[PDB]
Amino acid sequence: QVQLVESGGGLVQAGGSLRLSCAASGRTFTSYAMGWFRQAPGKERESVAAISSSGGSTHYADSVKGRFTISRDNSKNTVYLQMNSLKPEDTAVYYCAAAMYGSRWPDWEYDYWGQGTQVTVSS
Amino acid sequence: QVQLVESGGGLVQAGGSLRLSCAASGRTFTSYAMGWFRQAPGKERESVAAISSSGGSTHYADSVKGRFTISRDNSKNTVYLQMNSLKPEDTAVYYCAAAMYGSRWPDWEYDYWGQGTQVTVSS
Amino acid sequence: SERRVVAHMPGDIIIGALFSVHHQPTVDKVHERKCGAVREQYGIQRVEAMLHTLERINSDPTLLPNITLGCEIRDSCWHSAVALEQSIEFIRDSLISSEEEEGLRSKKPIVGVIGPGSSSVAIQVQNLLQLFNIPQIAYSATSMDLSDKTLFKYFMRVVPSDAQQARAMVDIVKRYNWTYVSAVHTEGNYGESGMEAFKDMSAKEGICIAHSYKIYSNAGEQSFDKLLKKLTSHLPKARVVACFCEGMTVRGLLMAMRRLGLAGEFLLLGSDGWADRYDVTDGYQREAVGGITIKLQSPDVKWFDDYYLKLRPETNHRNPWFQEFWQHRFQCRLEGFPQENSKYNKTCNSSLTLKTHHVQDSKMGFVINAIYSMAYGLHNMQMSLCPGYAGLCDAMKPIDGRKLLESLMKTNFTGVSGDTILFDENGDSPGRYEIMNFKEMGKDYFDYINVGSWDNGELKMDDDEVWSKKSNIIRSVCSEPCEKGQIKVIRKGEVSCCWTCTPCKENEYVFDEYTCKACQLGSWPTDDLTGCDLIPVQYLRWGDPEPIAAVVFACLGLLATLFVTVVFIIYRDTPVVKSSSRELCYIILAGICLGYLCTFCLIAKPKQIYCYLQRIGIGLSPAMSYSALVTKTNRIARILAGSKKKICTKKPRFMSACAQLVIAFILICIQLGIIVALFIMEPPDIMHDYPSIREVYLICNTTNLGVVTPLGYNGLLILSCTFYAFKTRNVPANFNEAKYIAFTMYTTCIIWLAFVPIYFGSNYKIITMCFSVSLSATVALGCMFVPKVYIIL
Amino acid sequence: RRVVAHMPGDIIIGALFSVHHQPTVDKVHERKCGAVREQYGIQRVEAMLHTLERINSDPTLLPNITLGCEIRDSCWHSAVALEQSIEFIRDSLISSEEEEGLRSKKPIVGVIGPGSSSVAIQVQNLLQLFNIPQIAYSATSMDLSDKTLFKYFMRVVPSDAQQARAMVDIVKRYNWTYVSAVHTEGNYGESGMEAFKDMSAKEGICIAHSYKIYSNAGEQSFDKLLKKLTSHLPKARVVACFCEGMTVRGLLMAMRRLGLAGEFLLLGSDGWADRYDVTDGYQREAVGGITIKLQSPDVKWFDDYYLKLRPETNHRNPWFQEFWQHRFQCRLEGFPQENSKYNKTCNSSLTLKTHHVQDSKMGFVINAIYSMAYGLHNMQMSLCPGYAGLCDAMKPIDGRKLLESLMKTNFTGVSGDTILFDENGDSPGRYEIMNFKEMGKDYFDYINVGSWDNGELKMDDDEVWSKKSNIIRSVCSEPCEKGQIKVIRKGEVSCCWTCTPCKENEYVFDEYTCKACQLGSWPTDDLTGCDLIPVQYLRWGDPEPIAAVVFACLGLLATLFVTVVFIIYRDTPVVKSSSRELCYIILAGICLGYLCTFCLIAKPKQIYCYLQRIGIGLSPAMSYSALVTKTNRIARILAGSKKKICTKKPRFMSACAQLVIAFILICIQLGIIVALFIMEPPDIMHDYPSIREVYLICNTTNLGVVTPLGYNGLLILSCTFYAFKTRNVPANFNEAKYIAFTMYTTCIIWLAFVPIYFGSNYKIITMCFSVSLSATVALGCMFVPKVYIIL
Ligand SMILES: *[C@@H]1O[C@H](CO)[C@@H](O)[C@H](O)[C@H]1NC(C)=O
Ligand SMILES: *[C@@H]1O[C@H](CO)[C@@H](O)[C@H](O)[C@H]1NC(C)=O
Ligand SMILES: *[C@@H]1O[C@H](CO)[C@@H](O)[C@H](O)[C@H]1NC(C)=O
Ligand SMILES: *[C@@H]1O[C@H](CO)[C@@H](O)[C@H](O)[C@H]1NC(C)=O
Ligand SMILES: N[C@@H](Cn1oc(=O)[nH]c1=O)C(=O)O
Ligand SMILES: N[C@@H](Cn1oc(=O)[nH]c1=O)C(=O)O
């Protein structure tokens with residue numbers, strides 16, 4: 001039973017950089033893939049990025065190809081997301097979600113989520 | 001640790017009968033002897049009744065010798081005291097205690113105590 | 001800080017499991033307890049079998065209505081420490097249920113586990129399990145030291161013990177003439193107990209074992225090639241290796257056989273460790289050809305056939321290892337699937353299936369039997385404790401394990417092949433076996449093929465199925481059966497089957513397979529050297545043919561006796577015979593005719609009266625043959641020394657010539673009394689002779705002095721008649737009769753001198769005897785009667 | 001539920017002490033332990049408590065650090081101590097489940113014990129999953145050196161892999177050959193007996209039958225063991241036991257319950273080394289029993305501490321009351337642990353020193369506790385150098401760092417011994433050997449004999465039995481080897497052989513076979529090599545043929561007596577009137593015959609066989625060539641001139657030429673004998689009639705003597721036909737009559753020679769006998785009337 005904690009949110013200027021953190025409280029974290037979500041105020045919760053359980057096979061949405069960079073750590077059981085080219089339409093409620101028993105991405109199965117975080121990009 | 005629960009107190013005419021119950025927590029009750037105390041309000045606390053760990057060797061104060069009857073149960077981990085020949089000077093705060101590393105009675109080095117009970121004997 | 005992954009399914013009643021998902025850890029990894037790659041046919045196949053079995057049981061209205069059977073499946077990795085960690089992961093809830101309870105809800109406690117699939121790991125796991133009353137039903141724990149219900153109360157299995165696998169392997173090597181086998185067994189007390197039973201039942205059947213070897217299934221090649229270097233030192237003596245080893249050990253042996261150029265060297269027999277396992281032979285299959293092994297018999301499961309092929313990695317959402325299964329058996333990565341394993345290239349097509357090279361597991365029916373055994377045990381608990389309620393009532397809240405054991409020990413139901421599944425007071429369900437062989441079906445097409453079965457000693461097989469030939473591989477026999485009725489067997493003392501061959505002598509016979517007794521005096525061993533037969537004597541009644549010439553010579557002596565007596569006894573016109581005493585020539589003819597009669601009384605079987613007749617012919621016939629001559633020889637002595645020639649002043653005779661003949665009659669019985677005394681001192685009886693071992697004779701009791709005694713008196717009589725007829729050779733009396741008498745005695749004495757060394761030095765002296773008798777009898781008549789009768793014709 | 005014997009502290013060290021006896025059958029599923037154990041139990045407990053008293057008072061070892069402990073019972077049983085091991089790691093399990101949401105005690109950093117092998121092997125499998133290192137004190141089985149399999153296990157005692165070596169050396173030293181052996185079930189006795197029967201065959205020590213039996217066997221399943229051990233009497237007199245103490249006491253109980261007291265000796269391992277309790281009550285059935293012991297000295301501290309322990313004072317030991325109950329068999333009035341089943345309430349004047357037996361292995365316990373203490377001390381010195389007490393480097397304590405500290409510990413023992421070990425956790429030690437025998441009448445005692453270290457087995461043989469004629473050596477077949485009796489095994493056991501003597505033709509080539517020698521070669525006295533037997537060469541002559549040699553000397557004297565008046569004194573007119581060469585050739589042939597008589601009794605060399613072949617072929621040829629000249633000189637007058645009228649004159653016109661004609665028949669035999677010399681050379685040959693009988697002869701054929709006889713036989717009839725009517729012809733003082741009488745005398749022995757030579761076994765004195773018999777009468781009947789009548 002693993003719970004997730006998002007952190008690192010807040011205000012940031014346009015075109016800046018930010019590094020969100022997703023701590024995982026629990027064991028067997030090496031046996032899970034990870035997924036990211038964000039939801040703009042008023043919009044729906046879209047899929048953002050993904051990383052496999054063994055690493056290596058990372059995944060990104062086509063809107064964020066090359067701009068956001070995912071990473072994981074299996075020593076501390078924590079994944080990250082170093083972000084670049086921050087734009088005001090990236091103002092959303094981010095989400096970190098663990099996964100197992102999936103299909104071809106984006107079609108995975110997400111059993112847990114986190115408290116979320118808030119980032120607003122000003123101009 | 002083993003905790004002790006006294007029960008069975010109230011008002012009774014002298015010369016009647018009453019049965020106090022010393023419920024015991026824990027799971028190692030078979031390796032303890034049991035002891036009894038009472039203390040009238042404004043008086044001292046006296047050593048009253050005792051039983052051994054394996055039963056058999058029971059002990060009674062000579063003030064209550066032959067009048068009170070001790071008993072034990074190792075199935076339910078509970079000792080009792082069926083009292084007879086009640087007298088108004090038996091109005092006291094009864095105590096139940098346990099010990100393991102004792103000497104000759106009444107020197108048993110009691111290492112546990114109970115909540116207590118209140119019996120008043122009227123005339 | 002490593003953690004495994006449970007494969008749980010929720011329910012009201014939890015049933016644990018131990019399935020060998022991954023390979024056991026190699027060396028320099030066992031302390032990390034990192035399991036290796038997955039196992040396709042002892043692992044995830046078993047997992048999907050258990051999950052579909054609980055699908056079928058949770059859908060059955062018959063078995064446990066209003067009752068949901070959850071499960072947890074944890075890996076075992078064939079290793080004691082790993083499955084012991086998972087057993088602690090089972091009883092963790094039962095431990096915290098006695099510490100959170102008294103002041104100071106997670107899950108339901110596990111009511112009973114199923115597995116694991118070795119022996120030694122199960123023996124490790126029960127020691128935790130019997131402390132919390134949790135019963136264990138195994139499916140492959142077959143070692144014979146699991147019947148001790150005094151020691152192991154809470155253990156069960158639906159397979160029979162290997163204590164009869166050793167019996168079946170002993171019967172197999174009994175049936176194919178095997179004598180001097182090798183045997184390796186894996187360490188851990190599956191192979192230990194199996195090899196112990198095998199080498200205990202080998203000596204009952206007299207099957208010698210070269211050298212037992214133990215080796216772990218985790219042995220590296222530097223510590224593994226020493227095993228084939230030690231097995232090479234019994235070539236071509238030991239051609240068969242009776243393996244109790246598990247599958248990776250046999251595959252290690254095949255790998256080392258390829259890595260030493262020993263392909264096709266020698267056969268090896270195995271237990272169920274590599275019965276239907278193609279994976280222990282794949283890549284190494286040329287080095288295992290002709291290999292025979294056994295198998296605990298199990299049919300196919302048609303349910304799992306149709307269920308298991310319809311399993312997709314995009315559908316199976318209750319099995320954590322199915323993605324890595326899909327990775328490993330197909331050697332590819334998946335793009336969108338969460339378990340990447342990006343080390344594999346060549347991403348899989350989406351058209352793949354499972355039925356390509358599908359190998360159905362051999363023991364997986366037993367797994368379903370064990371799960372059904374747990375199900376019927378809980379069903380019998382419901383029928384025995386909660387009769388009037390559908391579901392868990394308050395009699396099983398919580399469930400006691402001892403009542404579950406009392407239910408489980410008395411389970412009767414039908415198997416997946418309809419077989420009556422039940423067991424003894426030891427938790428051992430009986431079953432049967434099958435025997436296969438791994439041989440070349442097609443060219444570059446090797447396959448296991450059934451041969452025969454086994455049940456309670458009834459070993460039914462097909463010998464022409466194996467080798468397709470009645471001239472098989474070399475029988476593992478140390479010393480060749482050199483027994484030919486003549487060659488004994490001598491063991492050196494080390495091994496009772498490596499003996500030495502030795503022929504026994506012609507005096508010796510095979511009294512026993514390990515010693516040769518000698519026969520008695522003259523008794524001879526028979527053709528197969530078992531009994532001491534006899535050899536007949538040389539009785540010689542009809543005569544040897546060269547002594548038949550001497551017999552015809554004695555016949556001619558009798559004819560000469562007739563030719564003399566026809567003109568001496570009847571035609572008495574001779575004035576000299578009637579002028580002298582006729583009794584002179586009468587006693588001469590009597591002694592001569594008795595000599596020639598006693599010649600023919602010698603070639604006979606020596607009976608009692610026949611030895612009496614031959615002793616008469618040996619003692620009295622030379623006595624009377626000279627008593628013939630001596631009367632007429634010393635009749636002239638009374639004229640010579642008496643009257644005129646030798647003057648003496650006494651007359652040692654009587655005043656009558658008839659009384660002179662009475663005086664001459666005196667010397668006859670003197671030898672006869674001494675021969676009668678020898679008859680008293682020794683009776684004539686039969687005696688056997690054995691000059692050689694083969695040479696057998698039958699003689700009379702003859703002493704050296706027994707013939708010297710009639711000769712010792714007759715020898716001095718020769719000098720007596722010589723002194724009585726010395727000067728008579730120049731006395732011309734009666735046509736020079738005394739001259740021919742002295743010439744006769746001179747002719748006579750020479751052969752009596754010659755007889756002693758020619759009889760004592762010879763080895764028969766019996767034809768020499770009659771030869772001497774006829775030589776003594778011939779010249780006495782040839783030199784006396786012919787000139788006396790023919791000159792007066 | 002059991003009762004922990006805990007002492008509080010900052011660092012907890014567990015323990016497993018065998019307080020009670022192991023459960024008997026029909027109680028093991030209840031796991032109810034039996035009565036207490038005085039000398040493997042509460043003695044060890046008070047030893048550990050006083051050891052932690054001494055360590056908690058030492059300013060040297062772990063300052064600012066308090067060492068708590070927990071002691072749980074083990075009862076020698078796998079399941080009981082496995083329950084107590086779960087009671088250890090219960091805190092370590094709940095520390096990973098209460099921690100993540102959803103303080104009891106400190107976790108145990110390391111246990112000490114238990115005191116068997118198999119139970120320790122069970123306990124480590126829980127312990128190595130939680131990195132908790134175990135230091136044992138009596139786990140001595142050799143399958144604990146596998147640090148690949150058992151990483152977190154240590155012991156301060158050596159393995160039993162050298163106890164098997166020492167027992168093998170003991171039974172090697174006292175002539176033992178065919179032993180019995182029982183071992184207890186569980187892999188102490190299994191590993192020990194495996195090592196013993198692996199090292200027995202290297203020393204050639206046969207074992208009758210190995211037996212396994214549990215230490216919980218009831219008598220109905222125990223008496224079968226003595227019924228099976230009885231079937232090797234008096235063959236197997238010794239039983240090599242690896243069994244633990246209750247099994248040996250069960251054996252002694254069954255020996256008393258079968259009347260087999262004083263039957264046979266038994267050797268044991270350290271399972272009953274100093275244990276008086278396994279012999280008490282049964283001590284007459286164990287007399288003369290030898291056993292070994294892992295060597296340990298006494299502890300003087302525990303002597304003075306332990307006797308001063310009273311049941312009214314000891315307030316940290318839960319079993320001390322029941323100890324006081326059981327060893328004294330009484331109840332206590334006021335004490336909380338009554339046990340009122342015992343009557344005869346104890347006096348308050350009792351002490352512990354009455355019948356005090358100090359434990360044998362309890363110094364090792366203190367060594368193990370000190371090993372844990374110095375290991376934690378080295379952790380402090382290696383990780384927390386500048387602080388007195390537990391700093392934040394050991395909070396919590398890792399077990400792997402503790403293992404790396406513990407594997408590299410060097411310190412001094414309680415006897416000052418350097419305590420250290422290999423890369424297998426096995427500290428080396430030495431041994432002592434005792435014997436249980438009658439010191440005094442009704443006073444039986446263990447008594448030291450000798451020690452053992454690395455094969456250096458030093459003992460005292462006169463100490464044991466007080467006698468050099470000991471108990472019967474367990475030898476199956478007696479050593480019947482006498483240099484003549486071979487050894488044949490039946491194939492079952494290589495020490496139960498059969499004895500068989502070997503024949504006189506046979507010699508001991510090997511201990512298991514007898515080879516036969518060659519032709520005539522004879523086996524020596526210890527039957528190892530094939531010596532020879534000399535020939536009967538007979539140069540000086542056998543003494544009865546010496547009579548024949550002197551007879552030939554008399555023949556030479558007669559030759560001299562004739563030649564003194566025939567060769568020199570030639571006044572005889574008849575010799576000069578006829579040819580002198582007649583009598584000259586007669587004397588020449590006769591003298592050469594009597595010369596070739598003496599040329600026969602010799603070693604048959606090449607030239608000596610040539611001389612004997614000359615004397616056998618040409619000397620009978622020339623002995624008749626002597627006679628035949630004068631014999632057939634009368635033939636030219638008889639058949640030639642007047643007597644037999646023939647119309648031819650087969651002679652010459654000279655009497656000297658008539659002698660030349662008579663000279664012709666000499667070399668005809670000589671050419672054939674020369675052809676036989678070419679066809680066969682005279683060489684030496686050996687004879688072997690029997691195995692013992694050895695002779696040396698010449699190469700003699702059957703026809704080799706018939707060939708000079710086959711021509712000479714027809715010459716007899718030739719001279720008979722040439723001198724038939726001459727017996728009635730009165731020529732020269734009736735010379736032809738004596739010549740016919742001479743030939744008549746001569747021909748008989750030439751007839752007689754053939755069967756008397758072929759039938760005999762020597763035929764060589766018969767040969768010279770025949771030569772002298774042929775030479776005697778030819779001169780005795782011819783020369784004496786010819787010379788003496790003309791005197
Ligand atoms: C070998 O086995 C066959 C049958 O399996 C049997 O007929 C034969 O007698 C055996 N050989 C010997 C030497 O007994
Ligand atoms: C199982 O066997 C028992 C006898 O052992 C028999 O009484 C019972 O009827 C059997 N059950 C079934 C379902 O055949
Ligand atoms: C028996 O042992 C003694 C010494 O222990 C030794 O001298 C003797 O040779 C041994 N016996 C035999 C037959 O070797
Ligand atoms: C222990 O032995 C080591 C060598 O093995 C040595 O360096 C060290 O000084 C020794 N310690 C003591 C206290 O003697
Ligand atoms: N059943 C075997 C276990 N086993 O070993 C193998 O190699 N296969 C396999 O099933 C046993 O009794 O130990
Ligand atoms: N040390 C022995 C254990 N042991 O067994 C006994 O009977 N005494 C005793 O100490 C062993 O190595 O197993």
# chains A, B, ... in the order shown; residues from 1 in each chain; ligands from 1
$ residues_around --residues "stretch 46-59 of chain A" --least-positions-apart "3" --cutoff "7 Å" --atoms "only C-alpha atoms" --output "list in words"
residues 30, 31, 32, 33, 34, 35, 36, 37, 38 and 39 of chain A; 338, 339, 340, 341 and 342 of chain C
$ write_last_selection --atoms "C-alpha atoms" --output "PDB file, in the first residue's frame"
ATOM      1  CA  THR A  30      10.439  -1.021  -7.878  1.00  0.00           C
ATOM      2  CA  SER A  31       7.419  -3.116  -8.920  1.00  0.00           C
ATOM      3  CA  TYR A  32       5.410  -0.162 -10.227  1.00  0.00           C
ATOM      4  CA  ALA A  33       5.411   2.064 -13.238  1.00  0.00           C
ATOM      5  CA  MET A  34       4.624   5.727 -12.657  1.00  0.00           C
ATOM      6  CA  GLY A  35       2.294   8.159 -14.372  1.00  0.00           C
ATOM      7  CA  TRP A  36       1.617  11.876 -14.293  1.00  0.00           C
ATOM      8  CA  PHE A  37      -1.546  13.920 -14.713  1.00  0.00           C
ATOM      9  CA  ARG A  38      -2.473  17.578 -14.712  1.00  0.00           C
ATOM     10  CA  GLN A  39      -5.789  19.397 -14.839  1.00  0.00           C
TER      11      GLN A  39
ATOM     12  CA  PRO C 338       4.418  -1.049 -17.713  1.00  0.00           C
ATOM     13  CA  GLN C 339       7.007  -3.811 -17.343  1.00  0.00           C
ATOM     14  CA  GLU C 340       9.405  -2.795 -20.089  1.00  0.00           C
ATOM     15  CA  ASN C 341      12.604  -4.879 -19.835  1.00  0.00           C
ATOM     16  CA  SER C 342      14.188  -2.704 -22.515  1.00  0.00           C
TER      17      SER C 342
END
$ residues_near_ligand --ligand "ligand 5" --cutoff "7 Å" --atoms "only C-alpha atoms and all ligand atoms" --output "compact mmCIF listing (two decimals) with N, CA and C atoms, in the first residue's frame"
# COMPACT_ATOMS: atom_id res chain seq x y z
N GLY C 117 7.19 -26.79 -3.88
CA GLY C 117 7.36 -27.87 -4.82
C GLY C 117 8.69 -28.59 -4.77
N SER C 118 9.41 -28.47 -3.66
CA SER C 118 10.55 -29.34 -3.43
C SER C 118 10.28 -30.15 -2.18
N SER C 119 11.30 -30.87 -1.73
CA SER C 119 11.21 -31.54 -0.45
C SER C 119 11.76 -30.69 0.68
N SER C 140 4.52 -31.64 -4.67
CA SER C 140 5.69 -32.33 -5.18
C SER C 140 6.68 -32.72 -4.09
N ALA C 141 6.36 -32.47 -2.83
CA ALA C 141 7.21 -32.92 -1.74
C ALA C 141 7.06 -34.43 -1.63
N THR C 142 8.00 -35.16 -2.19
CA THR C 142 7.86 -36.60 -2.31
C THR C 142 8.85 -37.38 -1.46
N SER C 143 9.64 -36.71 -0.62
CA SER C 143 10.69 -37.39 0.11
C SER C 143 10.11 -38.21 1.26
N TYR C 190 15.76 -34.35 -0.45
CA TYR C 190 15.08 -35.17 -1.44
C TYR C 190 16.00 -36.27 -1.94
N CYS C 245 18.72 -36.59 -8.99
CA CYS C 245 18.92 -35.16 -8.97
C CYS C 245 17.72 -34.44 -9.58
N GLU C 246 17.57 -33.18 -9.19
CA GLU C 246 16.53 -32.36 -9.79
C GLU C 246 17.01 -31.83 -11.13
N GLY C 247 16.16 -31.03 -11.77
CA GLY C 247 16.29 -30.80 -13.20
C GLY C 247 17.51 -29.98 -13.59
N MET C 248 17.82 -28.94 -12.82
CA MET C 248 18.99 -28.13 -13.14
C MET C 248 20.29 -28.88 -12.93
N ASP C 272 11.97 -38.50 -11.07
CA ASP C 272 11.03 -37.56 -11.67
C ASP C 272 11.56 -36.13 -11.80
N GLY C 273 12.82 -35.87 -11.45
CA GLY C 273 13.38 -34.54 -11.58
C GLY C 273 13.50 -34.05 -13.01
N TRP C 274 13.55 -34.95 -13.99
CA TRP C 274 13.59 -34.53 -15.38
C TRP C 274 12.70 -35.43 -16.23
$ interface_residues --of "chain D" --to "chain B" --cutoff "6 Å" --atoms "only C-alpha atoms" --output "VMD selection string"
chain D and resid 1 312 315 334 to 337
$ closest_residue --among "C:431, C:323, C:201, C:462" --to "ligand 1" --atoms "only C-alpha atoms and all ligand atoms"
C:462
$ residues_near_ligand --ligand "ligand 4" --cutoff "12 Å" --atoms "only C-alpha atoms and all ligand atoms" --output "list in words"
residues 374, 378, 407, 408, 409, 410, 411, 412, 413, 416, 417, 418, 419, 420, 421 and 422 of chain D
$ write_last_selection --atoms "C-alpha atoms" --output "PDB file, in the first residue's frame"
ATOM      1  CA  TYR D 374      34.309  -7.714  22.493  1.00  0.00           C
ATOM      2  CA  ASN D 378      35.174  -3.429  18.368  1.00  0.00           C
ATOM      3  CA  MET D 407      34.519 -12.416  12.404  1.00  0.00           C
ATOM      4  CA  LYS D 408      37.721 -10.537  13.294  1.00  0.00           C
ATOM      5  CA  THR D 409      37.757 -10.834  17.089  1.00  0.00           C
ATOM      6  CA  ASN D 410      40.941 -11.548  19.024  1.00  0.00           C
ATOM      7  CA  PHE D 411      40.940 -11.663  22.820  1.00  0.00           C
ATOM      8  CA  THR D 412      41.944 -13.835  25.763  1.00  0.00           C
ATOM      9  CA  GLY D 413      39.755 -16.578  27.169  1.00  0.00           C
ATOM     10  CA  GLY D 416      43.856 -16.788  29.104  1.00  0.00           C
ATOM     11  CA  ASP D 417      43.604 -18.637  25.797  1.00  0.00           C
ATOM     12  CA  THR D 418      43.753 -16.689  22.538  1.00  0.00           C
ATOM     13  CA  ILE D 419      40.174 -16.953  21.284  1.00  0.00           C
ATOM     14  CA  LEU D 420      40.026 -16.575  17.509  1.00  0.00           C
ATOM     15  CA  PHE D 421      38.767 -18.551  14.556  1.00  0.00           C
ATOM     16  CA  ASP D 422      38.985 -19.159  10.831  1.00  0.00           C
TER      17      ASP D 422
END
$ interface_residues --of "chain C" --to "chain A" --cutoff "9 Å" --atoms "only C-alpha atoms" --output "list in words"
residues 1, 2, 3, 4, 5, 313, 314, 315, 316, 317, 318, 319, 320, 323, 334, 335, 336, 337, 338, 339, 340, 341, 342 and 343 of chain C
$ write_last_selection --atoms "N, CA and C atoms" --output "compact mmCIF listing (two decimals), in the first residue's frame"
# COMPACT_ATOMS: atom_id res chain seq x y z
N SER C 1 17.24 -4.18 1.20
CA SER C 1 15.86 -3.79 1.46
C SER C 1 14.95 -4.18 0.30
N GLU C 2 15.03 -5.45 -0.09
CA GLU C 2 14.26 -5.97 -1.22
C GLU C 2 12.94 -6.53 -0.72
N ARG C 3 11.89 -6.34 -1.52
CA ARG C 3 10.57 -6.88 -1.23
C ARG C 3 10.02 -7.62 -2.44
N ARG C 4 9.34 -8.73 -2.19
CA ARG C 4 8.75 -9.51 -3.26
C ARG C 4 7.38 -8.94 -3.61
N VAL C 5 6.66 -9.61 -4.50
CA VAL C 5 5.35 -9.17 -4.95
C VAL C 5 4.36 -10.30 -4.73
N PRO C 313 -1.28 -10.51 -22.35
CA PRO C 313 -0.69 -9.53 -21.43
C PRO C 313 -1.47 -8.24 -21.33
N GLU C 314 -2.33 -7.94 -22.29
CA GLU C 314 -3.20 -6.77 -22.18
C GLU C 314 -4.50 -7.07 -21.45
N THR C 315 -4.70 -8.30 -21.00
CA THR C 315 -5.94 -8.67 -20.34
C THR C 315 -5.75 -9.14 -18.91
N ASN C 316 -4.66 -9.85 -18.62
CA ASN C 316 -4.47 -10.49 -17.33
C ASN C 316 -4.10 -9.43 -16.29
N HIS C 317 -5.04 -9.14 -15.40
CA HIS C 317 -4.90 -8.05 -14.45
C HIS C 317 -4.88 -8.56 -13.02
N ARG C 318 -4.37 -9.77 -12.82
CA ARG C 318 -4.24 -10.32 -11.48
C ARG C 318 -2.97 -11.14 -11.31
N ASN C 319 -2.03 -11.04 -12.24
CA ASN C 319 -0.80 -11.83 -12.21
C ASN C 319 0.37 -10.89 -12.42
N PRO C 320 1.22 -10.68 -11.42
CA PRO C 320 2.29 -9.69 -11.55
C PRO C 320 3.43 -10.14 -12.42
N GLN C 323 3.78 -10.27 -17.33
CA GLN C 323 4.51 -9.40 -18.25
C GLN C 323 5.94 -9.88 -18.44
N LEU C 334 8.12 -4.61 -24.77
CA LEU C 334 6.80 -4.07 -25.08
C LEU C 334 6.85 -2.56 -24.97
N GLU C 335 6.18 -1.88 -25.89
CA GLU C 335 6.27 -0.43 -25.96
C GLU C 335 5.49 0.22 -24.83
N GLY C 336 4.19 -0.02 -24.77
CA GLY C 336 3.36 0.67 -23.81
C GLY C 336 3.12 -0.05 -22.51
N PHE C 337 3.49 -1.32 -22.41
CA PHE C 337 3.24 -2.09 -21.21
C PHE C 337 4.13 -1.59 -20.07
N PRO C 338 3.65 -1.65 -18.82
CA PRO C 338 4.42 -1.05 -17.71
C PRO C 338 5.72 -1.76 -17.40
N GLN C 339 5.77 -3.07 -17.57
CA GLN C 339 7.01 -3.81 -17.34
C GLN C 339 7.75 -3.84 -18.67
N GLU C 340 8.75 -2.97 -18.80
CA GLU C 340 9.40 -2.80 -20.09
C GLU C 340 10.37 -3.93 -20.39
N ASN C 341 11.41 -4.07 -19.56
CA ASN C 341 12.60 -4.88 -19.84
C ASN C 341 13.18 -4.52 -21.21
N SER C 342 13.66 -3.27 -21.28
CA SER C 342 14.19 -2.70 -22.52
C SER C 342 15.53 -3.29 -22.93
N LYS C 343 16.11 -4.18 -22.12
CA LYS C 343 17.30 -4.92 -22.52
C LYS C 343 17.03 -5.78 -23.75
$ interface_residues --of "chain C" --to "chain D" --cutoff "6 Å" --atoms "only C-alpha atoms" --output "list in words"
residues 493, 496, 758, 761 and 762 of chain C
